[PDB]
Amino acid sequence: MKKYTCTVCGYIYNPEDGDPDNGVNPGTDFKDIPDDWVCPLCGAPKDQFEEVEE
Ligand SMILES: [Fe+3]
């Protein structure tokens, strides 16, 4: 699965790690994250992330 990075702060969403603290289980693909999720570190919306990977 692709990693994604927050373009506001550089946080990396890693799908193996997820963001469980905010309801995104480890193992969740970025496209499957609910679209009201925000970056755990700076609060930016999901739509300010972009792929690292492909
Ligand atoms: Fe961020």
Quick one: count up the residues across region 18-31 that are assigned to a helix (DSSP H, G or I), under 15 Å from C6 (Cα atoms) and not aromatic (F, W, Y).
-> 1
Given the residues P34, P15, which is the only one that is touching an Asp or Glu at 6+ places or on another chain (Cβ under 9 Å), free of Cβ contacts under 8 Å to residues at least 40 places away in the same chain, part of a loop (DSSP other than H, G, I, E, B) and more than 15 Å from the ligand (Cβ to nearest atom)?
-> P15
Regarding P40, is this residue more than 16 Å from the ligand (Cβ to nearest atom) and in a loop (DSSP other than H, G, I, E, B)?
-> no
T5: part of a strand (DSSP E or B) and surrounded by 14 or more Cβ atoms within 10 Å (Cβ to Cβ), yes or no?
-> yes
Condition test on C39, is it touching a residue at least 24 places away in the same chain (Cβ under 8 Å), in contact with a strand residue (DSSP E or B) (Cβ under 9 Å, 6 or more places away or on another chain) and not acidic (D, E)?
-> yes
Could you count how many residues in region 4-47 are among the basic types (K, R) and under 8 Å from the mean Cα position of the chain (by Cα)?
-> 1
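Any read-out appearing in this document is the output of simple, stated calculations on the displayed coordinates, not a laboratory observation. Virtual Cβ from ideal backbone geometry, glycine too; neighbours counted across all protein chains shown.
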